[PDB]
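Here's a structure for you.
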Amino acid sequence: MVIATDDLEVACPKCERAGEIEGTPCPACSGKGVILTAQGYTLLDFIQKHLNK
Amino acid sequence: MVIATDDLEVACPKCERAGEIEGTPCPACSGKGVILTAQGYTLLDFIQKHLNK
Amino acid sequence: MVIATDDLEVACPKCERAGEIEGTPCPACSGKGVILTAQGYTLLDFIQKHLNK
Ligand SMILES: [Zn+2]
Ligand SMILES: [Zn+2]
Ligand SMILES: [Zn+2]
């Protein structure tokens, strides 16, 4: 394990572990516990072609 | 982001942005916008076990 | 390809190529042909949010 979720998902401004903000889904994430980044999107968008596309 | 789609998907010989060739899907890709490589297959084939397998 | 399945999945104690043990799947992995690791889980668990979650 040389890579962590820090290079794919980053903790949101408030809902990085709560899953919600102010009672509603955070503008960046919605109950995920972080947010997607350039790498995460590449590793997700690419897999979205062989998994969901 | 320290990694790009270049280490997973490479532009096809002709259909790297068109998604098709001569009205027909490229022998390597079929409207994807690139092609899969050894790394892409490992990162896709491995996820195909926890997503599609 | 600069990465292999060795940084995501490793051969199990017995069912790394058999896919089964004593007539039953390995306690650590099922007829998969290996086992999940910390990296594989991160690359799978993260994709499990954009693919299965
Ligand atoms: Zn958020
Ligand atoms: Zn092609
Ligand atoms: Zn096993």
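Cβ atoms come from the backbone with ideal geometry, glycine included; neighbour counts cover every protein chain shown. Values quoted throughout were computed directly from the atomic coordinates according to the rules given, and no laboratory measurement underlies them.
Keeping to the range C:7-53, report how many residues are in contact with a strand residue (DSSP E or B) (Cβ under 6 Å, 6 or more places away or on another chain) and surrounded by fewer than 15 Cβ atoms within 10 Å (Cβ to Cβ).
1
Of the numbered conditions (1) touching a residue at least 24 places away in the same chain (Cβ under 8 Å); (2) away from ligand 1 (no atom under 16 Å from the Cβ); (3) closer than 21 Å to B:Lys49 by Cα, A:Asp7 satisfies every one except a single condition; which is it?
The one condition A:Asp7 does not meet is (3).
Listed residues A:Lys49, A:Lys53; which is within 14 Å of chain B (Cβ to nearest Cβ), of a type outside the set (A, V, I, L, M), within 16 Å of ligand 2 (Cβ to nearest atom) and in a loop (DSSP other than H, G, I, E, B)?
After ruling out the rest, the residue left standing is A:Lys53.
Can you work out which of the residues in the range A:24-46 that are more than 14 Å from chain B (Cβ to nearest Cβ) and of a type in the set (A, V, I, L, M) is farthest from ligand 3 (Cβ to nearest atom)?
A:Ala28
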